[PDB]
Amino acid sequence: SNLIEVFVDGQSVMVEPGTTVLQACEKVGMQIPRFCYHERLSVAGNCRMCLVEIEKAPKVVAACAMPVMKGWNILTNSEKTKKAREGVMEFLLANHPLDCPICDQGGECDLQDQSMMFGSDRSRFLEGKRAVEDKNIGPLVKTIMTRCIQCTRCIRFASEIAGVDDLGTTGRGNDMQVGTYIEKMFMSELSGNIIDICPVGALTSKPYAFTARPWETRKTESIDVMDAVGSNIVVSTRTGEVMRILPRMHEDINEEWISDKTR
Amino acid sequence: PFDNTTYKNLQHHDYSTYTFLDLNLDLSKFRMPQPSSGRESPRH
Amino acid sequence: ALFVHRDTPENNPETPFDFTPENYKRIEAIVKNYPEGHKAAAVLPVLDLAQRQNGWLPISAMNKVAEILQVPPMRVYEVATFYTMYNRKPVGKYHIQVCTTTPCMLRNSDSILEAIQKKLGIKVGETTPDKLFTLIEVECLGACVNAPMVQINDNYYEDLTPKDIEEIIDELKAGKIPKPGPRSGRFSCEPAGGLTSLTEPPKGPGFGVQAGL
Amino acid sequence: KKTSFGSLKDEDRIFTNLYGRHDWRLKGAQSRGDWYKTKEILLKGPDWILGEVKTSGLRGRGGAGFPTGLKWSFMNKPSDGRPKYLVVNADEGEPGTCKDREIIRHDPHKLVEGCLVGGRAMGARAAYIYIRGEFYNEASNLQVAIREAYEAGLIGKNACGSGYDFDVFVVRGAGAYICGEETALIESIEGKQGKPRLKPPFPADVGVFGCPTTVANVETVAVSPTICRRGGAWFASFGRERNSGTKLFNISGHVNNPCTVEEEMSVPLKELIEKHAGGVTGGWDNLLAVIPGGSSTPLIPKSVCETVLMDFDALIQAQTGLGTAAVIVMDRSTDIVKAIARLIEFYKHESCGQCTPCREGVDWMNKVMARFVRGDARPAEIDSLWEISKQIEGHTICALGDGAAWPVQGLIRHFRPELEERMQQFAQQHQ
Ligand SMILES: Cc1cc2nc3c(=O)[nH]c(=O)nc-3n(C[C@H](O)[C@H](O)[C@H](O)COP(=O)(O)O)c2cc1C
Ligand code: SF4
Ligand code: SF4
Ligand code: SF4
Ligand code: FES
Ligand code: FES
Ligand SMILES: [K+]
């Protein structure tokens, strides 16, 4: 009854009021590019990778945050949308370090993959890059903060999901730095999940460091026995060896998180 | 009598470190009771 | 210009700081300016108050404001690092702030900057050995028509020449408090050479009021 | 109908204490017409007050120029349980702009009275005034005026004997140009970093403390009481169509007499410089370019300054904007590339860092422009720099990203030969 009508590339779709442009695209099987947006975190709207053209609107909107209005035609593949993605990806990679061979994220990196699928194929940045100092937040999460793209997923997860207010940004402008400011360890029981939600290799697992690459792991979907919650997990193995433990999405149990002990 | 020739904004030459917050403290008696959201903070 | 903190003997969480009994009454008035249930709105005015009492913000000063307002310390650290008027290192008794943005740069704020360095012997960003002065460049201070200008603590000194700023430093060295405002021949923002407007006597109450109140 | 605008008479000037030659406190302000029949204005209702602002043709004086009456009527709805607020934008951060400062320190009681009248039109319970922290002495003047209004029953309980309750609060910034942005201002009042919010929601629905809110500039708020007393039709008799009223101007840079002056909208830019600022340093023929409405607006060359009018529509057609109407004059001895590069450096220092195109793009344009100053670039980089600025513009959360792209585009548009020439000089010096 309350459902309004919108269009994705001219295809009609019925959505509830308050649905975002990103969620309307989800219905027809389109996945808008993203970095800051996470469906289990509060909306941020800062990476600007989800910019999409609305037909007849001169300005692209941030799909992750903009609520759809009745009758909108979202153009997910327009020349305007495609140029917005290339421009934003260009800004993301301008100061990003050439770390992929030594970066544990390589091969399962959303920055690599969305650069392949939505960015340009070359650079025109001719300057020196930003370099940021690293920060210790305990024995579980290694931080290479030069790789951070300031998506603020970790900050939002810690505040909303883990209920811990230690992470935040300091400074402003290009020198805005995600961290704790003071020397502090982020030692929650849910801390290890910030590795998963960080789209880049800025936050990675210290125990897992350097040991494998994503393509070569075999994925075994199993269950955790560290407690009685029954968290669903993926056991990554390679050549007969357990390499790491990853969450497996189950809406009715662990959603997409696992405890540190489980991890 | 009219006089357009002098600067009549000279008081601030004698303002101090706590001038502004002293005024804010004297103003506190005239304020209306503040509205309440119903809880001590967003974290309650 | 570093936005991470490392504890040091003079800047660490145990560094003694607390508001004076008088400054706790000022804090109470600051907090009451905002709706109940949103006391976090007082972070900026209370950190600034601690800076006025102490001269700069040690990590213990940030930790104290966080406690009093029941806010996470990180959220106080974010405000201290974000806003440029907060001093996270000690500065001299007089914090000289020269504007170098284009409107001031066009009126030769370079000469003003050069004069201060020559007189004090320091560079931009440095503090004199006696810890009396600190020198920095800043962005537009909203006194563009009175350029070149500087701000020393809470006072604007405007329409400066190299001689004018040199005198101001001399007056400060002697403990004196120079008069703020333009050092040229005018009082505030009016045209030099006589007013080109507002030369009639202002019309009093009721002038030009439409009928029907 | 009128055809030529300018020569504003002293009887039609609103900020009649602009230069501070009269007592700025309550006694002086009341004697000049402030706080007169405010009770009568309040009792006429919000619909009547909003009608006078709509007819006056008033447009935002903070830089964006949205029709003020239409914008203020967004808050003309019933309460849904939350308080309603007016936030007065006294951040006054745009380089070249210093008009809002004179109102606060010399005409404080017009701002306080404008808060009450404007606050009534919106049904707001109080006004928070956000003044930049560097304006300590002007903030102190404003507090003194507010105390005088409280002690005379003009604001507070039963304001002006009207039955309306209104508080005026002054909150000081802490050094950030971005906090002049309307949603970044709200986030700062709430105690966070001055980082703009996305829209929607709009401030008139979810604003300061998550309550309906309107952000208005000091000059916009400080002329409403006079618009109500003298009628919006009188205000609409100035300037062109859709450019109504009087406007404060800051002329700085390379003029004989830099100054702040009130003048009619649509006054020719040449007349404004010559009459009030004493002409361009070295004669009009020494003019090189003008940044007509603050550092955010594109520059325009002398060939466009000859006839251009100073209003929203005239400057838009000159490929710029009125902005805050802060005129920066650059004579023929200016290094134009360096002057614009210093503006990009300012925007680099002022970006909040929240969103990618500005956090990364503005810094990128700063590095390119630093090389352009020395000539240490190739001509092909000029078109790259243009394209980079177009990727920032229209893709950011707030307008600071746009405001950094426009001055770059203004330079490349009108001074590409100077850019290419300098690169060719650098190349020959190092061959
Ligand atoms: C970076 C930036 C800085 C701004 N600074 C100011 C300012 O200092 N004063 C102001 O009135 N508006 C400023 N604005 C414009 C405000 O966002 C907003 O448009 C204005 O306050 C609305 O009031 P008005 O309709 O009366 O003009 C700024 C905008 C941006 C993007
Ligand atoms: S985060 Fe991704 S793009 Fe960046 S270095 Fe690591 S693998 Fe490469
Ligand atoms: S560390 Fe990772 S999750 Fe956190 S802001 Fe940076 S890129 Fe985002
Ligand atoms: S455009 Fe710049 S100032 Fe505005 S929100 Fe984005 S990063 Fe912050
Ligand atoms: S996914 Fe929308 S701005 Fe980041
Ligand atoms: S440019 Fe220096 S005060 Fe504005
Ligand atoms: K990761």
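Along the chain as shown, residues are numbered 1 onward.
Header entry for method reads electron microscopy, 2.4 Å.
Just so it is clear, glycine is given a Cβ too, placed from its N, Cα and C backbone atoms.
What Swiss-Prot records for this protein:
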type	residues	note
BINDING	C:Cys99, C:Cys104, C:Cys140, C:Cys144	[2Fe-2S] cluster binding site
MOD_RES	C:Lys25	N6-acetyllysine
MOD_RES	C:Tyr157	phosphotyrosine
REGION	C:177-213	region 'Disordered'
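Per DSSP, the secondary structure of the region 'Disordered' (C:177-213) breaks down as 0 helix, 2 strand, 35 coil. Listed recorded positions: C:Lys25, C:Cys99, C:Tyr157. Those with a CB atom under 6 Å from ligand 6: C:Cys99. The Cβ of the residue listed as 'phosphotyrosine' lies under 8 Å from the Cβ of C:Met149, C:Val150, C:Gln151, C:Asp164, C:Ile165, C:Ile168, C:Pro178, C:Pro180, C:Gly181, C:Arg183, each on the same chain and at least six residues away in sequence. Within 10 Å of the C-beta of C:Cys104 ([2Fe-2S] cluster binding site) there are 32 other C-beta atoms, taking all protein chains into account. Under 8 angstroms separates no C-beta among the recorded positions C:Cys99, C:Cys104, C:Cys140, C:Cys144, C:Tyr157 from a C-beta of chain B. Checking the recorded positions C:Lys25, C:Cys99, C:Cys140, C:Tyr157 against chain D with a Cβ-Cβ cut-off of under 8 Å leaves C:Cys140. Annotated pair the residue listed as 'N6-acetyllysine' and C:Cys144 ([2Fe-2S] cluster binding site), C-alpha to C-alpha distance, rounded: 37 Å. DSSP gives C:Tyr157 (phosphotyrosine) a strand state.
Secondary structure at the residue listed as 'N6-acetyllysine', taken from DSSP and collapsed to helix, strand or coil, is helix. In sequence order, C:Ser109, C:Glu137, C:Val138, C:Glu139, C:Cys140, C:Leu141, C:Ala143, C:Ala147, C:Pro148, C:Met149, C:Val150, C:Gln151 are the residues near C:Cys99 ([2Fe-2S] cluster binding site), counting only same-chain partners six or more apart with C-beta under 8 A.
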